[PDB]
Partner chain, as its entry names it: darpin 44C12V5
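Starting off, we have a lone chain in the form solved without its partner chain, written out as structure tokens.
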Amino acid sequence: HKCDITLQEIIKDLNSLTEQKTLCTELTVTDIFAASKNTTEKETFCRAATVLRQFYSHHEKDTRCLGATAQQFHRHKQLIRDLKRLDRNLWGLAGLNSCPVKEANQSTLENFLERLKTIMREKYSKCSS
């Protein structure tokens, strides 16, 4: 389970998401990586899945995000779809819903996603030769 191809599905989701730089991706999430470092891998996935679910739930219909042009609206729908896909995969890996996130620091979604990508690539690296 630990080195399951779900890791690749998550990295794929993150690669697409981290191309986005919009008003929406500058909006913030609670910075789960501002912690002093005290949770299991399962708990880390639960934390990340929780904040991203908060984000897409709150911003799927947000006027700052929805877009004026066809291209902007398309990119917004893609962002929400990919956030849901990534979230689905993170929950699968977490196997837990109970992981209260306490951090004060807010980071942009953009920076949060780049950090998660780093962590996920590290896990992948630790799984392969």
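Residue numbers count along the first chain shown, from 1.
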For the C-alpha atoms alone, is the average B factor greater in 56-64 or in 70-78, going by the entry?
-> 56-64
Mind pulling up the entry and telling me whether 19-27 or 107-115 has the higher mean Cα temperature factor?
-> 19-27
Residue with highest C-alpha B-factor in the PDB entry, from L83, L96, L90, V51 = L96
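Missing here is the form solved in complex with its partner chain; even so, the following discussion is about that form.
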Classify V51 as contacting or not contacting its partner chain in the bound PDB entry by the rule of any non-hydrogen atom within 4.5 angstroms, answering yes or no.
-> no
